[PDB]
Every structure is written in C-alpha cells, then in structure tokens.
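This report concerns only the one structure given below.
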Amino acid sequence: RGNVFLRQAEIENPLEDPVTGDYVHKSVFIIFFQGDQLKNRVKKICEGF
Amino acid sequence: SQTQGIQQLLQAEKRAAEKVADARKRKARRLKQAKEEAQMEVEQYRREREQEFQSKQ
C-alpha cells in the first residue's frame with residue numbers, strides 16, 4: 001500500500017547470476033517506506049520470490 | 001526530481017525537530033517556574049517564621 005517515489009535505473013550487460021550462471025537482463029525499481037511492519041513483510045515477500 | 005519530495009520529508013521532520021527543541025525549552029522553562037515559585041513561597045515562609053519568632057520573643 002506504499003506510495004513513495006521510484007528510484008529507477010537499468011543494468012546492461014547482465015553478468016551471470018552468482019550461483020547459477022544465467023546471463024539475464026536486470027533492473028532496479030526501488031521504493032522506501034516508513035512502516036516497520038512493511039520492512040518485515042515486504043522484505044519477507046521479496047526473499048520469497 | 002523525486003529528491004524534491006524527499007526534501008519535503010526532511011522539511012517536515014525538521015519542523016518536528018524544531019517543535020521538540022522548543023518543547024525542551026518549555027520543559028526547562030517549567031523547571032525555572034518551579035524554582036521561582038518554590039523560592040518565592042519559601043521566602044514568604046521564612047519571613048513569616050522570623051516574624052513569629054520576634055513576636056513570641
């Protein structure tokens with residue numbers, strides 16, 4: 001339910017994944033939120049995926 | 001561009017910190033008022049006790 005701006009950037013020449021070997025393109029779409037509960041559950045979710 | 005609103009957040013928190021600082025000043029001024037009131041009343045007490053001492057003496 002988060003509503004803060006988006007620090008956008010893109011990664012070119014995607015060096016392989018550290019542990020598998022997949023040279024697949026990457027990017028970052030980052031946002032910051034104040035709620036501690038969010039800092040728990042959102043990060044739990046992202047670790048999940 | 002988005003740093004504009006991040007700076008808006010910093011403005012809000014700086015205003016809040018100004019409130020905390022002025023509220024610490026309010027605490028300290030309350031302590032000063034406590035000192036002044038206590039010294040005022042104990043001065044009245046001391047004067048009264050001296051007056052009763054002189055009257056009884």
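Each value in this text was obtained by applying a stated rule to the coordinates, not by laboratory testing. A quick note on method: Cβ atoms are made from the backbone with ideal geometry, for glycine too, and the neighbour counts reach across all protein chains shown.
Filtering segment A:7-27 to residues that are away from chain B (no Cβ under 14 Å), among the charged types (D, E, K, R) and within 30 Å of B:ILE6 (Cα to Cα) leaves A:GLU10, A:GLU12, A:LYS26. Would you be able to say whether some residue in segment A:38-48 is loosely packed, with under 10 Cβ neighbours inside 10 Å, over 22 Å from B:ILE6 (Cα atoms) and either touching a residue at least 60 places away in the same chain (Cβ under 8 Å) or touching an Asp or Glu at 6+ places or on another chain (Cβ under 8 Å) (or both)? No, every residue in segment A:38-48 fails to be loosely packed, with under 10 Cβ neighbours inside 10 Å, over 22 Å from B:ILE6 (Cα atoms) and either touching a residue at least 60 places away in the same chain (Cβ under 8 Å) or touching an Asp or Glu at 6+ places or on another chain (Cβ under 8 Å) (or both). Every listed requirement among (1) touching a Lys or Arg at 6+ places or on another chain (Cβ under 9 Å); (2) on the phi > 0 side of the Ramachandran plot is met by A:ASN13 save one, (1).
The condition (being within 30 Å of A:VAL4 (Cβ to Cβ) and either surrounded by 10 or more Cβ atoms within 10 Å (Cβ to Cβ) or away from chain A (no Cβ under 14 Å) (or both)) is satisfied by just one residue among B:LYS14, B:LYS27, B:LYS32: B:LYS14. For residues in segment A:6-37 being of a type in the set (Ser, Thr, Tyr) and in a loop (DSSP other than H, G, I, E, B), which is surrounded by the fewest Cβ atoms within 10 Å (Cβ to Cβ)? Checked segment A:6-37; the qualifying residue surrounded by the fewest Cβ atoms within 10 Å (Cβ to Cβ) is A:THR20.
Scanning segment B:11-57 for residues being under 18 Å from the mean Cα position of the chain (by Cα) and hydroxyl-bearing (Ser, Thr, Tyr) gives a total of 0. Residue count for segment A:9-49 under the criterion of being in contact with a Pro (Cβ under 8 Å, 6 or more places away or on another chain) and of a type in the set (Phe, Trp, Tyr): the result is 1.
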